[PDB]
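Engineer: my sequence and its experimental structure, below.
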Amino acid sequence: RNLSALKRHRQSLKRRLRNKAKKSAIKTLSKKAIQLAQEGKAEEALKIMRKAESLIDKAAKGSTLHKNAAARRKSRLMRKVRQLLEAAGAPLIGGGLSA
Amino acid sequence: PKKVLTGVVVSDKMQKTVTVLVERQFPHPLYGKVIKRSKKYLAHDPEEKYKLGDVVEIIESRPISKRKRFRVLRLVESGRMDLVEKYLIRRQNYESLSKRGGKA
Amino acid sequence: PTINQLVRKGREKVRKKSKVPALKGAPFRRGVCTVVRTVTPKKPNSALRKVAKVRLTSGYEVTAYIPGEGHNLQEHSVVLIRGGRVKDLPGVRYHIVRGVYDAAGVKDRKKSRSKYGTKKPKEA
Amino acid sequence: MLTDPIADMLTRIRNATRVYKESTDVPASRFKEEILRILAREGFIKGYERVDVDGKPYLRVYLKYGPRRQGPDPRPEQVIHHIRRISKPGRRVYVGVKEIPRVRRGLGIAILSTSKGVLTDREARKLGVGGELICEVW
Amino acid sequence: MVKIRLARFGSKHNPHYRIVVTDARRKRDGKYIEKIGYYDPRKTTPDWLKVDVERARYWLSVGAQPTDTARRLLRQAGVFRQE
Amino acid sequence: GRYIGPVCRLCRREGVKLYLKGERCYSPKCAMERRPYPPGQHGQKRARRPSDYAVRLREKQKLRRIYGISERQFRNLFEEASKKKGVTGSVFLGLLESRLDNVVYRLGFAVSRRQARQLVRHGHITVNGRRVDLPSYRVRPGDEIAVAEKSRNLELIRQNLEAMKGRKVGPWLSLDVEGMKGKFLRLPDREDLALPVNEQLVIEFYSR
RNA sequence: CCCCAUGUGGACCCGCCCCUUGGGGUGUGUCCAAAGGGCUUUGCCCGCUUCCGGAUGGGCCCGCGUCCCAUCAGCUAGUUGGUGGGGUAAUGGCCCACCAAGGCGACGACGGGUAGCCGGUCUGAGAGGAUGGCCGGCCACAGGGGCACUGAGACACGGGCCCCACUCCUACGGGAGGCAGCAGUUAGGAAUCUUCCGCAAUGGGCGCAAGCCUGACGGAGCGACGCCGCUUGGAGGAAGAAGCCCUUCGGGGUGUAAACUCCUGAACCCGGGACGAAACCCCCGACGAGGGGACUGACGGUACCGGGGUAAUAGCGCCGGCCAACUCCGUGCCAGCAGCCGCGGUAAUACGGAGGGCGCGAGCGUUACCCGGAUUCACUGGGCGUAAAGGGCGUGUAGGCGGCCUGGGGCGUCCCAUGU
Ligand SMILES: [Mg+2]
Ligand SMILES: [Mg+2]
Ligand SMILES: [Mg+2]
Ligand SMILES: [Mg+2]
Ligand SMILES: [Mg+2]
Ligand SMILES: [Mg+2]
Ligand SMILES: [Mg+2]
Ligand SMILES: [Mg+2]
Ligand SMILES: [Mg+2]
Ligand SMILES: [Mg+2]
Ligand SMILES: [Mg+2]
Ligand SMILES: [Mg+2]
Ligand SMILES: [Mg+2]
Ligand SMILES: [Mg+2]
Ligand SMILES: [Mg+2]
Ligand SMILES: [Mg+2]
Ligand SMILES: [Mg+2]
Ligand SMILES: [Mg+2]
Ligand SMILES: [Mg+2]
Ligand SMILES: [Mg+2]
Ligand SMILES: [Mg+2]
Ligand SMILES: [Mg+2]
Ligand SMILES: [Mg+2]
Ligand SMILES: [Mg+2]
Ligand SMILES: [Mg+2]
Ligand SMILES: [Mg+2]
Ligand SMILES: [Mg+2]
Ligand SMILES: [Mg+2]
Ligand SMILES: [Mg+2]
Ligand SMILES: [Mg+2]
Ligand SMILES: [Mg+2]
Ligand SMILES: [Mg+2]
Ligand SMILES: [Mg+2]
Ligand SMILES: [Mg+2]
Ligand SMILES: [Mg+2]
Ligand SMILES: [Mg+2]
Ligand SMILES: [Zn+2]
């Protein structure tokens, strides 16, 4: 018995928890934003978007999101947002949005 | 080289997709005579351009759907149901030879 | 048949049928004796062929010839079957291997001993 | 219908020679004439010539035989002991230049049809080409 | 990681290696990427070590990492001598 | 173990003389002298028309018992002589005559083929210096086959190399009776051998 | 582990350019870096971050090829396509919502059975048939079923979770396991090995290194299981011992075989004793190139060399024809032989022994199975009046096949080069 490299499992659980936590924050903010753009409220829609953008790229920093996983997230976040903002939007903060 | 094939559109019943019936020939591996088999490919037709009876060139592409890895490269010669006929008439004999039997 | 016919139906390959369901197609099978009867020959031949019903480990119950001048097989004697019919005894498809298990070899066998499983006699 | 013109001709020839006809007619076709050209050159037939039968084109094929013989059955030995069709409709037969057969250990020929024309096995091998294996004569 | 190493090809007591360019993960006697030399441990013949230094240098040119013993043979055929 | 048993009995079965003893097989006693009929209780009875098999069989057995070789080894030589270019028949005989143990016999060192086999075996032989105790060893063209120095003093070797004075040697060989050396010049050809054999039938026998 | 900064750069949105499925460039906006350690310690070493490129390995897609049965003929609803979306490194019904009503099949769908596939291997004149063990390539599985986590990479044999079966511990609540790794045990079977030595060599993981780990591997062990090599002696030696066998009782055979004489001398003894090992490392030199130096073998005191040295295992099948090898005796359709034809009921070359013989020989013979012979599934290379075989006849679908002449095309077909 005892293959002291159980440690691996021991650590997997942590990392699992660390990742899981990053992503849920990500999703929450993503909607949060999409829903603001949704309702047409410009300003704070971008402000939040930028955070989302940030958390995502940081998630890809270590091995949470990592790769193009980050890229997909960001893109599938600026399109939906700018469009939904076509409701008399006018991207104020124009944060993650090359006006 | 992305494989290119030529066949006839035997079906225009789907959206943005067509059924091309590519014919093929070759020598029987043991009896040598030139036999001739054939296969149907579902090709992508975005513009809904190609119509029933068209001869087209199919081109190996990136999957578009399950069972669909070809795009209609181009049209070789329009209209000519004389071919669609064979295909349909053959489908028609199937409508039997089971518990009844295929016409003639 | 026309070439086109050959292309359509083609030749059918022949299927040989075994003549020894010693199952597993094994080379030998061991069974237990049940009856050490003595059948009579067929068509012309006449004599008292020594036979034995055998319960194989292959699940089959068969009849086997017992080669040799004289044997020592009884009711529950363990034996080895080797496959090989006997032209005169309809129903006997295997021979019993002498010199294996409970079947003793033939006594006073000074020739084809390899068969009849008898050790080399020490010439005085 | 006349299913195989080429085979029809080799047979007309095989048939006529077996009864020792001097001549023998076969409906003319460019291709058939091409074959006869070899038959003559290779010395299997005295030769042949265009002719008109009932108004339609034919090719007289002048047959050739050995001399009269001794003993019973003085019938001449044939010059064309053999002549069999090979490639046939619904069983076409083509060969690469490396697969061109060597008929009767060289004493017989084989007529091929190449993109370089109708040639004998030797001719073909020379020109280094292959193609439909029309027939075999010896 | 791509390596330049030996591959047992001899026979019992008659070992004969093949200086090879394989992936670190293969069987030692598995499928290599290219052969670039051979080595006869027992110098049973006057020709007990060929190396085709041309190719080696190419592999090293791109990450090929030689086993120690492989390098020592590559050195012998002056794959490194930069005179 | 190659045969080893009464041998003048083979001489008899083949109804032809076999020099499986070098000497004696001359002195009115090879048995083929006033007794050339096959061995056994039936030898004197009339012989029946042999079957094609019998003939091919007897022919091979001859060619083979001549070199006291096992069918096993014999056969392999044949299948070897069948693949190599050139009239299998002779090519086969060439290889048979290239056996170190045969050569020794051919060069007069030993009186018989058996004897030579032993001389080679017991180390009393050389091949380009290095000693070779393998009777099946195949001698190539351009090889010196000398007697082992340590044995050059052996009674046996001195007698045979003595009587060997004068005795000529095969045109594919040559020997220096001085240093008891000899060379394998070339592979003998069918003509070079006066073998009472018809390889024709030997080839045919392995055809069956 | 996180936040801020620095932005070489890179990612995302939008515009534009070149490209042409999601390839490359560019402008504004946004977004995203890092770790230190060691010394012969002001320099070198190990290492960290972002980007581009190479190299290696891999995912996915496509053409063609890949067993049997039609006493399996119709199969299909995520099923076929579409639009939007999720998920992934990535395409895709892979997954989801909605829409359409498609998709597949006699060129054999669907179903049943069998089977890892290939390089190759066996056989065969070949075509072909059979096969896929050892070795190498790929795939699949890790007591059965399902599932994800962590990671560059796994759905992960010696990691995790649940269910199932089974084994073990249990204070009966609950726990612990998975040799299809090496060796070994047990069961089953006609049948398949040592609980061995070593890390010296090759290879692999971590480490700057020294070095640690390595049942991978290198070896030894057992088993004629296969192949190859070798011995059981060589020369002489009677018109021919004895014994045994046969006989026309004269004699013939075993047989130069033996005995005996001389020669060599496997085993066995004595001494020497190996390659496989050169690196890593140390020293000089820039931790480079190069030079020198040291350490290290399981096998093993084995191979091999030298000296000494004894004539020192032979068996198994067969002898009626196919098929090479014949006599006497015993037996009496018995006892038995037998692959086929067959043999034995008082003269048996066929049963049993003996003598003699033939074959092969540390093997010989049997059983099983594959190819052959079998042109007996016939493409090479067969047939259908009477031997097995023309459909009771017609009409006609699909399909197979197609007169003569010319021109275009060049799909088949043929040639060359090239890549594989
Ligand atoms: Mg939330
Ligand atoms: Mg043969
Ligand atoms: Mg920052
Ligand atoms: Mg520091
Ligand atoms: Mg690449
Ligand atoms: Mg989709
Ligand atoms: Mg299976
Ligand atoms: Mg054949
Ligand atoms: Mg062959
Ligand atoms: Mg083959
Ligand atoms: Mg195969
Ligand atoms: Mg196995
Ligand atoms: Mg198990
Ligand atoms: Mg992950
Ligand atoms: Mg395990
Ligand atoms: Mg058992
Ligand atoms: Mg090691
Ligand atoms: Mg190592
Ligand atoms: Mg003697
Ligand atoms: Mg070391
Ligand atoms: Mg006979
Ligand atoms: Mg018998
Ligand atoms: Mg009697
Ligand atoms: Mg018999
Ligand atoms: Mg008898
Ligand atoms: Mg056949
Ligand atoms: Mg027939
Ligand atoms: Mg009939
Ligand atoms: Mg009729
Ligand atoms: Mg009838
Ligand atoms: Mg009827
Ligand atoms: Mg028709
Ligand atoms: Mg035509
Ligand atoms: Mg047509
Ligand atoms: Mg034309
Ligand atoms: Mg072409
Ligand atoms: Zn003699």
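Structural biologist: The structure has been received and is ready for your questions. Numbers count the residues shown, from 1 in each chain, chains lettered A, B, ... in the order given. Ligands and ions are numbered 1, 2, ... in the order given.
Engineer: which SSE is residue C:55 in?
Structural biologist: Following DSSP states H and E, one finds residue C:55 within strand C:49-56.
Engineer: could you export the helix or strand just after that strand as PDB, CA atoms only?
Structural biologist: Using DSSP H and E, the helix or strand that follows strand C:49-56 towards the C-terminus is strand C:61-65. Once side chains and other backbone atoms are set aside, the C-alpha atoms of strand C:61-65 remain, and they are given as PDB (Å, rounded to 0.1, in the frame of the first residue of the first chain):
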ATOM      1  CA  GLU C  61     -19.900 -39.300 -24.200                       C
ATOM      2  CA  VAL C  62     -18.200 -41.500 -26.800                       C
ATOM      3  CA  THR C  63     -17.200 -45.000 -27.900                       C
ATOM      4  CA  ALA C  64     -13.500 -45.700 -28.400                       C
ATOM      5  CA  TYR C  65     -11.400 -48.600 -29.700                       C
END
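Engineer: which stretches of chain A form helices?
Structural biologist: When secondary structure is read from DSSP state H, chain A shows helices at A:7-38, A:42-59, A:68-84.
Engineer: and residue C:121, which of those is closest to it?
Structural biologist: Between residue C:121 and these, the shortest gap by C-beta to C-beta is with helix A:7-38, which sits at 71.7 Å. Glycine gets a C-beta too; all of them are placed from N, C-alpha and C.
Engineer: still on that earlier bit, tell me which of the helices of chain A sits nearest to chain B.
Structural biologist: Of all the helices of chain A, the one in closest proximity to chain B, counting by C-beta to the nearest C-beta, is helix A:68-84 (17.2 Å).
Engineer: what's around residue 19, how many residues?
Structural biologist: With no chain named, the answer covers chain A. Using other C-beta atoms under 10 Å in any protein chain shown, residue A:19 has 16 other residues around it.
Engineer: not quite, I wanted chain B
Structural biologist: Look at residue B:19: counted by other C-beta under 10 Å, it has 18 neighbours.
Engineer: swap in the one 10 residues further on?
Structural biologist: Residue B:29 is surrounded by 7 other residues when neighbours are defined as other C-beta under 10 Å.
Engineer: separation between it and RNA strand G?
Structural biologist: Residue B:29 is 7 Å from RNA strand G, where distance means C-beta to the nearest atom of the strand, to the nearest Å.
Engineer: centroid-wise, who is the farthest residue in chain D?
Structural biologist: When distances are taken from the C-alpha mean of chain D, residue D:71 lies farthest, 30.7 Å away, according to C-alpha atoms, centre = their mean.
Engineer: show me what contacts residue A:36?
Structural biologist: Going by C-beta atoms under 8 Å, 6 or more residues apart in numbering or on different chains, residue A:36 touches A:44-45, A:48.
Engineer: could you redo the last one with a cut-off of 10 Å?
Structural biologist: For residue A:36, the residues meeting the contact criterion (C-beta atoms under 10 Å, 6 or more residues apart in numbering or on different chains) are A:42-49, A:81, A:84-85.
Engineer: hmm, which of the residues you listed are the buried ones?
Structural biologist: Neighbour-count burial (16 or more other C-beta atoms under 10 Å in any protein chain shown) is assigned, among the contacts of residue A:36, to A:42, A:45-46, A:48-49, A:81, A:84-85.
Engineer: could you export the residues you listed as a markdown table, including distance to chain D?
Structural biologist: Written out in a markdown table, the entries for these read as follows (distance: C-beta to the nearest C-beta, whole Å):
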| residue | distance to chain D |
| --- | --- |
| A:42 | 76 |
| A:45 | 73 |
| A:46 | 73 |
| A:48 | 74 |
| A:49 | 69 |
| A:81 | 67 |
| A:84 | 68 |
| A:85 | 70 |
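Engineer: name the residues of chain D found near chain C, please.
Structural biologist: When proximity is defined by C-beta under 10 Å from any C-beta of the partner chain, chain D lies next to chain C at D:88, D:90-91.
Engineer: list buried members of these by neighbour count.
Structural biologist: Judged by 16+ other C-beta under 10 Å, buried ones among these: D:88, D:91.
Engineer: before we move on, the earlier item: starting at the chain centroid, how far to the strand holding residue C:55?
Structural biologist: 9 Å (C-alpha atoms, centre = their mean, to the nearest Å).
Engineer: so what's the residue count around residue F:20?
Structural biologist: 21.
Engineer: next one: residue E:21
Structural biologist: The local packing of residue E:21 (other C-beta under 10 Å) involves 22 other residues.
Engineer: repeat for residue D:119
Structural biologist: By the measure other C-beta under 10 Å, the count of residues near residue D:119 is 22.
Engineer: tell me the helix or strand right after the helix or strand hosting it.
Structural biologist: In this assignment (DSSP H and E), residue D:119 forms part of strand D:117-120. The helix or strand immediately downstream of strand D:117-120 is helix D:121-126, counting by DSSP H and E.
Engineer: can that next one be found next to RNA strand G?
Structural biologist: No - counting by C-beta under 7 Å from any atom of the strand, RNA strand G has no neighbours in helix D:121-126; the shortest distance is 8.2 Å.
Engineer: just the helices in chain F please.
Structural biologist: Counting by DSSP H, residue ranges of the helices within chain F are F:8-13, F:52-66, F:71-83, F:88-97, F:100-106, F:113-121, F:155-163, F:199-205.
Engineer: nothing else from me, thank you.
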